[PDB]
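Down below is the structure, laid out as structure tokens.
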Number of protein chains: 2
Amino acid sequence: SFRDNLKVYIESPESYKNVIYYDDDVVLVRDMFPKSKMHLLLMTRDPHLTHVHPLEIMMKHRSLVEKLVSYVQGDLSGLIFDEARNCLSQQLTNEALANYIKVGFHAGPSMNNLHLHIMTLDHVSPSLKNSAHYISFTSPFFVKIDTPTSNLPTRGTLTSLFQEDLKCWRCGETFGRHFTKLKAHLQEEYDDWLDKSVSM
Amino acid sequence: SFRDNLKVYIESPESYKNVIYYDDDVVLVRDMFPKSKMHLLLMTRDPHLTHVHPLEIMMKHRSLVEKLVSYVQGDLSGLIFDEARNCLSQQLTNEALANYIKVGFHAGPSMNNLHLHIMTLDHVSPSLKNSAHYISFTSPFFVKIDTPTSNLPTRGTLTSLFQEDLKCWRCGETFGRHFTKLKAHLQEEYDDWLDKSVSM
DNA sequence: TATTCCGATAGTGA
DNA sequence: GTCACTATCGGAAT
Ligand SMILES: Nc1ncnc2c1ncn2[C@@H]1O[C@H](COP(=O)(O)O)[C@@H](O)[C@H]1O
Ligand SMILES: Nc1ncnc2c1ncn2[C@@H]1O[C@H](COP(=O)(O)O)[C@@H](O)[C@H]1O
Ligand SMILES: [Zn+2]
Ligand SMILES: [Zn+2]
């Protein structure tokens, strides 16, 4: 099944150059179809937990959540900042980058092996090809890792979000269902953010 | 306006080689985007009648209707059969062709100058590019020239027809909204008809 | 709400 | 229910 395509990274991280970190517990791998300039996946290698649904993870596996957050803010932090600098610009400080990075689960994953998204906010990428892509990362469908449990969406209830009009995450401008126009606007927004950030 | 594009044929038939007949009253011209192997347009040159709606023509201009039918079945008959033989096969008799030709108006024309369609039944043509094309010629939207007045459709009421599933005019097989599949089938139907027609 | 291919659908400009 | 261009939307296979 295509839904098992990510399992090779937790079973054999030794075989993939795009696995930029691995140990006995987790694997950090570049997303093969990045939806932002930087887009990484942090996966548990635990044979049970990998097949637990992300909402269940958030709800009842707080130890794992804390452990993943600890990797991101600790031992993997330098690595992620370098990836970000390489994908965006060397001129961006850790401070600026930290405010331009989001971390979370999809409420309804396509791939069956639990994977935490770690990505920049730009959504400027050739692999961002349709409205559903964009909305899945910029709506409640993207469940940020620090979402309080009481504020989690219910499994299977977010279907309707994908039919809504497109809105820029940064400035709020709307684009109806004109994905191509959103795309061009996202590029401008990035150029703007970049210019303002280095110039700080 | 694009809707006046046919007026050049009745104003200056002398300037167009695809005007295969003209006199003071009418012009017979090849359709620039034929929706069947043979597709011709018979147009009145009368400055008033040209802008009368075809349903009004059918209803209240029986003299013009009779005159057009007289052209088709008389002075233009040999010409039309030669056009058909050239577009289909030299091996087809007038008798076979007469049963493979339809003559009528669109109930809701796009072009403003009254034009009677004269075309073969095949609907095998590169210019047949969408479902609306096919449906407009194979449903009550196509108002055959011998339709009794009491059986005419009402002006502006047939919009819903274009949303219906596709059905082969010859054998009845349905194709949902799969136009490409209908197209391939129409090709087969023609090959079948041709084979059966010349074979006797 | 995996990707990719293909085709149907929809708005536009002329 | 002009044509032609572009882009969105929709299923199917993988
Ligand atoms: N073979 C692959 N290698 C790496 N990442 C992939 C592969 N196939 C799909 N992906 C990514 O995996 C992610 C699936 O996330 P989700 O929608 O939460 O299941 C998407 O961001 C895809 O771009
Ligand atoms: N410039 C043109 N010359 C000849 N026929 C044309 C031209 N433009 C459009 N047509 C045809 O005119 C017909 C219009 O028919 P209707 O839909 O009844 O208005 C269609 O069959 C078109 O293919
Ligand atoms: Zn914006
Ligand atoms: Zn058939």
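Chain identifiers are assigned alphabetically (A, B, ...) following the order of the sequence lines, protein sequences preceding nucleic acid strands; residue numbering begins at 1 within each chain.
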What is the nucleic acid contact for [X], judged by heavy atoms within less than 4.0 Å: base, sugar-phosphate only, or nothing?
X: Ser127(B); result: nothing
X: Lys35(B); result: sugar-phosphate
X: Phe179(B); result: sugar-phosphate
X: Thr159(B); result: base

> Counting distance only, does the side-chain N/O of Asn130(B) pair as donor-acceptor with the main-chain N or O of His133(B) below 3.5 Å?
Replying inline: yes
> Does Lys37(A) use its side chain to pair, donor to acceptor, with the backbone of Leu121(A) at less than 3.5 Å?
Replying inline: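 No: the side chain of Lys37(A) does not pair with the backbone of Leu121(A).
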> Taking atom types as modelled, is there a side-chain donor on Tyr190(A) or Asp195(A) under 3.5 Å from an acceptor on the other?
Replying inline: no
> Would you say the side chains of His39(A) and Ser125(A) form a donor-acceptor pair under 3.5 Å?
Replying inline: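 Short answer, no.
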To the nearest Å, give me how far apart [atom1] ([X]) and [atom2] ([N]) are.
X: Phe105(A); N: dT1(C); atom1: CZ; atom2: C1'; answer: 16 Å
X: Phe142(A); N: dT1(C); atom1: CZ; atom2: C1'; answer: 13 Å
X: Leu128(A); N: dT3(C); atom1: CG; atom2: P; answer: 10 Å
X: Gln163(B); N: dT9(C); atom1: CD; atom2: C1'; answer: 10 Å
X: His133(B); N: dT9(C); atom1: NE2; atom2: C1'; answer: 14 Å
X: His115(A); N: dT1(C); atom1: NE2; atom2: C1'; answer: 10 Å
X: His178(B); N: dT9(C); atom1: NE2; atom2: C1'; answer: 14 Å
X: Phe2(B); N: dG11(C); atom1: CZ; atom2: P; answer: 16 Å

> Taking the side chain as C-beta and beyond, is there a heavy-atom pair between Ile145(B) and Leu116(B) under 4.5 Å?
Replying inline: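 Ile145(B) reaches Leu116(B) side chain to side chain.
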> Would you call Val65(A) and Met58(A) a side-chain contact if the rule is heavy atoms closer than 4.5 Å?
Replying inline: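 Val65(A) reaches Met58(A) side chain to side chain.
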>> Applying the 5.5 Å / 30° rule, does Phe162(A) stack onto the base of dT1(C)?
In response: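 Stacking between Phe162(A) and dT1(C): present.
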> Is the ring of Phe33(A) stacked on the base of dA2(C), with centres less than 5.5 Å apart and planes under 30° off?
Replying inline: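 No.
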> Would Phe141(A) and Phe162(A) count as a close aromatic pair, with their ring centres under 6.0 Å?
Replying inline: yes
> How do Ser160(A) and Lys129(A) order along DNA chain C: which one's closest nucleotide is nearer the 5' end?
Replying inline: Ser160(A)
>> At a heavy-atom distance below 4.0 Å, which nucleotide of DNA chain D is the first touched by chain A, and which is the last?
In response: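 So the contact region on DNA chain D extends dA7(D) to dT14(D).
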